[PDB]
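Inspection log for the structure reproduced underneath, given as structure tokens.
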Amino acid sequence: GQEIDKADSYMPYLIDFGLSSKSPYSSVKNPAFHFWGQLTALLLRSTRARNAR
RNA sequence: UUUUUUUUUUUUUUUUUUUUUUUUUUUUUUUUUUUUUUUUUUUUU
């Protein structure tokens, strides 16, 4: 019920439209996931994931 | 012609000092040369 897959939604602008002030979708709030994700990606020859914090 | 220690004397003989010391240790603290507001490819459509 968060319209995150919907074509033209407000969701992508939750921060700047001031709908939210603490994003659930952020990587700060998703630290473990962000890691494991980028790590696997890197082993799989990603260049994007190379410089991920 | 020599002489054949780039040896030498008079004792001597730590580029040893004793006065006590002896972390080029002080800490009252307090110790990521971390820090928060999201964020977190020196990503772009």
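Order determines the names: the first chain of the structure tokens is A, the second B, and so forth; residues in each chain are numbered 1 upward, and ligands are numbered 1 upward as they are shown.
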With only C-alpha atoms (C1' of nucleotides) considered, list every residue of chain B at most 9 Å from chain A, as a PyMOL selection string. chain B and resi 38-41+43
Could you give me the residues within region 1-37 of chain A that DSSP places in helix (DSSP H, G or I), as number ranges by chain? A: 11-13, 31-37
Can I get the selected residues back with N, CA, C and O atoms, as a short mmCIF file (atom, residue, chain, number, x, y, z; two decimals), in the first residue's frame?
data_model
loop_
_atom_site.label_atom_id
_atom_site.label_comp_id
_atom_site.auth_asym_id
_atom_site.auth_seq_id
_atom_site.Cartn_x
_atom_site.Cartn_y
_atom_site.Cartn_z
N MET A 11 5.40 8.72 -4.06
CA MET A 11 6.39 7.97 -3.29
C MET A 11 7.85 8.37 -3.56
O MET A 11 8.56 8.67 -2.60
N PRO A 12 8.28 8.39 -4.84
CA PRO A 12 9.68 8.74 -5.15
C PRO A 12 10.15 10.09 -4.59
O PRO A 12 11.35 10.34 -4.55
N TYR A 13 9.22 10.93 -4.15
CA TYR A 13 9.56 12.26 -3.64
C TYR A 13 9.11 12.47 -2.20
O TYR A 13 8.96 13.61 -1.76
N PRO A 31 21.11 -1.05 6.75
CA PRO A 31 22.57 -1.18 6.68
C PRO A 31 23.01 -2.59 6.30
O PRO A 31 23.77 -2.76 5.34
N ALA A 32 22.52 -3.58 7.04
CA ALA A 32 22.82 -4.97 6.76
C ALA A 32 22.46 -5.30 5.32
O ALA A 32 23.27 -5.87 4.58
N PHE A 33 21.24 -4.95 4.92
CA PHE A 33 20.77 -5.29 3.59
C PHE A 33 21.64 -4.64 2.52
O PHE A 33 22.03 -5.28 1.55
N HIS A 34 21.93 -3.35 2.72
CA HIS A 34 22.75 -2.61 1.78
C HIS A 34 24.11 -3.27 1.57
O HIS A 34 24.60 -3.36 0.44
N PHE A 35 24.70 -3.74 2.66
CA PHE A 35 25.98 -4.44 2.64
C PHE A 35 25.84 -5.72 1.82
O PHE A 35 26.17 -5.74 0.64
N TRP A 36 25.34 -6.78 2.43
CA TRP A 36 25.07 -8.03 1.74
C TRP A 36 24.74 -7.86 0.25
O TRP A 36 25.23 -8.61 -0.59
N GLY A 37 23.91 -6.87 -0.08
CA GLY A 37 23.51 -6.61 -1.46
C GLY A 37 24.68 -6.19 -2.34
O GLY A 37 25.00 -6.86 -3.33
#
